[PDB]
């Protein structure tokens, strides 16, 4: 299959790519890959473990190996022997210039960039560029996945976001103020008939205009926001207090990371997307609102080794308060990369089984799952096993 990755030179994207090749060549195991769990035995009928890559970027690099090597040099998150072994393959992956339209002050932190809007292009002329890039690449086993830096909350609009005719009136009118890059790549993927998933908390396809598009076109789509680390523990651990009839009175989450993702999210406007996609979640599981703080702070020595500290204060019998603490030390790109591969495969599956519109049943992968109030990791894994069973 083919996968077009927006943000193709990022750490998640490049580590998905390193990983795919390394497993393909049989020099790495298949751990971390949900689509390789036994209950999904049979998936390789529809989405075999075979990948070719392309994508959009705004940072300047020769190819995807150079990009992979840049993150590796800092993180050493896979062996030098893997890098060497996948070099050749990754050198032939060359991203295309995308659009950083309304992608926040955070984008400054990425250094050297070049974008389509900086060429002067109108919305319609950018859309055309994006679609040309993908369609030239795409086939009938192609999926577009967004793994680009998180954008701030978009400029509000019922007219331009509320319907597909309204969204297309935006492009027609060249009303840049209401378009964000991630809306345009999602728009482009769906107009071309390709499945789309958003691994970031940027709006993407989560606006009505694009939900309506995906359905008309009969195209499956999923998101938003990969649930990979702290929030996975949170949606796995919060249920417990509910099952035991306890009140969570406060829950603190503090995350520190560096590298590009930590840099970008170091901006106030970009940060806001991720902190509000991480605060309403307790309520969806407990039905009420504990005092819940969630913070991201930049901390450069850690690079992609995002580390989180949470503290859960909770009432139990007689209303006596008690305490729980945890700490997560993992590299974000390792928890994230095989999920891109699973999501893709599950997308191809769903496309082949005639699925269209939000694949709500893929909530298991995401912090802000579209078109569903099922947040509890256990309930989401069941919904996912049962979804796939019904369609196999």
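Residue numbers count along the first chain shown, from 1.
- Looking at the deposited entry, does 351 to 359 or 324 to 332 carry the larger mean Cα B-factor? Mean C-alpha B-factor is greater for 351 to 359.
Please compare 333 to 341 with 35 to 43 and name the stretch with the higher mean C-alpha B-factor in the deposited structure.
For C-alpha atoms only, the mean B-factor is higher in 35 to 43.
* Asked: Whose CA atom has the top B-factor in the entry, of 301, 228, 289, 307?
  -> By C-alpha B-factor in the record, 289 ranks first.
Original post:
If you compare 203, 106, 239, 195, which has the highest Cα B-factor in the entry?
Top reply: The listed residue with the largest C-alpha B-factor is 106.
- Query: When the modelled residues of the chain are sorted by Cα temperature factor, does residue 1 land in the lowest, middle or highest third?
  - Reply: As the PDB entry reports it, the C-alpha B-factor of residue 1 lands in the middle third of its chain.
In terms of the CA temperature factor given in the entry, to which third of its chain does residue 221 belong: lowest, middle or highest? Lowest third.
**Asked** Lowest, middle or highest third: where is residue 270 by C-alpha B factor in its chain?
**Response** Ranked within chain, residue 270 CA B lands in the highest tercile.
Taking the chain's C-alpha temperature factors as the reference, tell me which third residue 118 falls into: lowest, middle or highest.
Its C-alpha B-factor, which the entry lists for residue 118, ranks in the highest third among residues of this chain.
Based on the deposited C-alpha B factors for this chain, I'd like to know if residue 277 is in the lowest, middle or highest third. As the PDB entry reports it, the C-alpha B-factor of residue 277 lands in the highest third of its chain.
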